[PDB]
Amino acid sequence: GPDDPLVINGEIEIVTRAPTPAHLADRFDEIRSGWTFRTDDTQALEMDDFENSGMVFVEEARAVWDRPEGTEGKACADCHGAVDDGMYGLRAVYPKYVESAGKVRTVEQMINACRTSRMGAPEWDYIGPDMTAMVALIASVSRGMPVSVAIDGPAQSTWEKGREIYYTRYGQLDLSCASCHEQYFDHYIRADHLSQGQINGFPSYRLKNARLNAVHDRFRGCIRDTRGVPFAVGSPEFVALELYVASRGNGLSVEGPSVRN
């Protein structure tokens, strides 16, 4: 049900409904996880890692985390230690302004910066399976922590650009993210129950395509489906949109990898 509690493995409390972030308060009476819009059967799949097929990829990435790769003969673990310690909390605060870059960066950009400059290893395709499994492992060790992305300070112009995108109609169908997810959440489009379009549960394991789905891959698919031309994955436009959409869910718990239609 929409108001039932989500607990994972009998151990991790997930906040699935939260007071609306101050910047969005005019628009929603509260913010809700996508989990709260799913049927009971689908909801149950996220309650135990043994039933969440998304966690099979996470367990694979746990082995990658310890595997030396690249000309430097190093594994992530050689610098960051055990992933449960070294990545604790990170998913809750990205995208964020990164000192060394003088810009807002996503987790995927950071990972590929380490692969090339510190590991001597090939970059992973931004929305490919290797990257998305590693981003899911990083999400999974912060589950239950509230999403807390900064929207002001050095992130402000980026968040504002994201907001402009979220409310811009695109494609020949002429629809904005807000057309569906703000005005019509809790309605149906054909057999799909519209949520608020939150990303606190990403990468999502979709029962439809039986793989993990990267945030930028979901964004590209949504704009394509307006009969429109999406921005490139990893582009400044989708980095900005990710910051802004992440902020629409501030206060919900990290949930990734989640299970969705």
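One rule holds for the numbers: they count along the sequence shown, beginning at 1.
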Take the C-alpha B-factors listed in the entry for 173 to 181 and for 112 to 120, compute each mean, and give the stretch with the larger one. 112 to 120
Taking only the CA atoms, which stretch has the higher mean B-factor in the record, 122 to 130 or 151 to 159? 151 to 159
Per the entry, which of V141, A82, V135, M145 tops the list for Cα B factor? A82
Entry record, C-alpha B-factors for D29, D217, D225, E46; the maximum is at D29
Where the record places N209 (Cα B-factor, split into thirds across the chain): highest
By its CA B factor, does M55 count among the lowest, middle or highest third of the modelled residues in the chain? lowest
Against its chain's modelled residues, does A232's Cα B factor rank lowest, middle or highest third? middle
Third assignment of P95 from its chain's C-alpha B-factors: lowest
Ordered by C-alpha B-factor within the chain, which third holds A63? Give me lowest, middle or highest, please. highest
